[PDB]
Structure formats: structure tokens, C-alpha cells
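Please read the structure below before turning to the comments.
Following this line, the structure appears as C-alpha cells:
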């Protein structure tokens, strides 16, 4: 889309590095629409980062591992409290259900800013 | 300096916003040399962010508050473990003493990536 997204979305900002820590790919920005009620698990997230890398020179690379301390975070301004609120969700096999924040913001961006180790298959 | 810094440094990456959350200033990158043994406290850190804003249009603005969840973080590759290690330090009045990581890296960058609320004096 050319315009601001109309609903919740997953914003993937990933830095790709090799197994020795050398940066291969700079923070690459990609948006994916998501809907409240969806369960986001570790495998689904890895699939979104592979999808993200498809727009790069590293489209055929295997994603070895995501930084284990990586979390999905959403920040918004609560209008009724006049305060900024930030929620964080862990990336696990059980996963978490995407909440509906429409009461505060119609197009919340769920952020995944992390480093990923990649390698040739 | 035009070249890569030769010793430890504090890297300030701040986003300035007003009291309603409007972004006034985009992540602004500034480096300050620091030495192991120095105690970095909340007030010293606020002083570094004011110093950082002096390079911007918001040089006369008062820094109202730093995001309370902001931490100072340093990431490096431990050569003997062949693993990346990340250390985080809280921003408090007691503060923390800057460690000497020269065994692993000669010019570690202590990162402060946070949002700060600013206003006219």
C-alpha cells in the first residue's frame, strides 16, 4: 500500500548476520497485516522473517535463529489516560493471541525489531 | 572524529516528543567518549541527552522525562565463547560503574536508544 495501513500490522525490522556476527543485511522494514484473534507462534514469526528476506539478496538463505530475547512490542497513546502504553509479547511455541486495541488506535503496529542469524542452505 | 572511535563511548539515539506524543525530532545519533571507572547516574545521562539536543533545533528545550524503561545496553562478541553477549544497566540515581570490556572489544558502544519528552522552558 502507498498509504498508511488501515488496520493492525506486524512490522518486521530485522538485521541479518552470519554465524560470526558480521552484518549482511541492514534493518529492513516490512509490514504485514494481522488481525486480532490470530495466534502468533514462534514458527509463524520465523515464517514472517523469511517472507521479509524475500525482498532482499538473502531470499534463499535459511534463518538459523532469532535473538532469543526478541519480543513483539506495541506502543500506543491511551487517550483516556493521556499516557503512552507499551505491551510486549514473548515469541514462543504456545504463542499469544493478538489483542484488539481498536479502542485506542485503529492501526496499531506490532513491532519485531531483532537480529537474525542466516546462512546458505 | 572522522574515524571509528578508539575507546568506549556512549551512543545516544534519542527520539524527542512533546507531552502529547507528537514526534518533534527523529532518532538523532551522537557519540560521547566514556572511560571505565566512571559512574553514570540518571542526572549525568540527562545531561548527555541535553548535550545531544544541542546539535538540533531543540537545543533550548527542557528535557522533561526519559522513558522510565530506558536502559544502557552494550553488545559485543565474546571471542572465547564465540557468542554475542549483551549487558544492560539501569538509569538510576545511584548509577552503575562503567565496566572495562577491553578483553573483548577495545571500543565498545554503550547504547541509549530511548524516547524523551521535551518542552520549551
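Residue numbers (the numbering used here), protein chains in the order written: chain Z, 1397 to 1517; chain V, 1397 to 1517. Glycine is no exception: its CB is placed at the ideal position from the N, C-alpha and C atoms.
* Please report how far the alpha carbon of residue 1462 of chain V lies from the alpha carbon of residue 1455 of chain Z, in whole angstroms. => Within the second chain, numbered from 1, the residue matching residue 1462 of chain V stands at position 66. Within the first chain, numbered from 1, the residue matching residue 1455 of chain Z stands at position 59. Roughly 39 angstroms between the two C-alpha positions.
* Put residue 1494 of chain V into one of helix, strand or coil per three-state DSSP. => For this step, residue 1494 of chain V is matched to residue 98 along the second chain. Under the three-state reduction of DSSP, residue 1494 of chain V is assigned to coil, being neither helix nor strand.
* Supposed contact pair residue 1421 of chain V and residue 1452 of chain V - C-beta distance, whole angstroms, cut 8 angstroms -> Numbered from 1 along the second chain, position 56 holds the residue referred to as residue 1452 of chain V. Numbered from 1 along the second chain, position 25 holds the residue referred to as residue 1421 of chain V. That belief holds up - the Cβ atoms of residue 1452 of chain V and residue 1421 of chain V are roughly 6 angstroms apart, short of 8 angstroms.
* **Span separating the alpha-carbon of residue 1409 of chain V from that of residue 1507 of chain V** => Residue numbering aside, residue 1409 of chain V sits at position 13 when the second chain is read from its first letter. Residue numbering aside, residue 1507 of chain V sits at position 111 when the second chain is read from its first letter. So the two alpha carbons sit approximately 8 angstroms from each other.
* For a contact meaning CB atoms closer than 9 angstroms, what does residue 1480 of chain Z contact in chain V? -> Locating residue 1480 of chain Z in the first chain gives position 84, where the first residue counts as 1. Residues of chain V passing the Cβ test: 1413, 1417, 1463 and 1511.
* Asked: Should residue 1425 of chain Z be flagged as near chain V, meaning a C-beta pair shorter than 8 angstroms?
  -> In the first chain, the residue the question calls residue 1425 of chain Z occupies position 29. False, the Cβ-Cβ gap to chain V never drops below 8 angstroms.
* Asked: Listing by chain order, which chain V residues have their CB less than 7 angstroms from the CB of residue 1473 of chain Z?
  -> Working through the first chain from its first residue, we reach residue 1473 of chain Z at position 77. Within 7 angstroms Cβ-Cβ: 1417.
* To do: Drop a sphere of 10 angstroms on the beta-carbon of residue 1512 of chain Z, count the other beta-carbons inside from all chains shown, and report buried for 16 or more, exposed for fewer.
  => As a working mapping, residue 1512 of chain Z is identified with position 116 in the first chain. It is buried - the Cβ of residue 1512 of chain Z has at least 16 other Cβ atoms within 10 Å.
* Asked: Quick one: is residue 1482 of chain Z near chain B, going by C-beta distance under 8 angstroms?
  -> Given the protein chain composition of this structure (Z and V), no chain B is represented.
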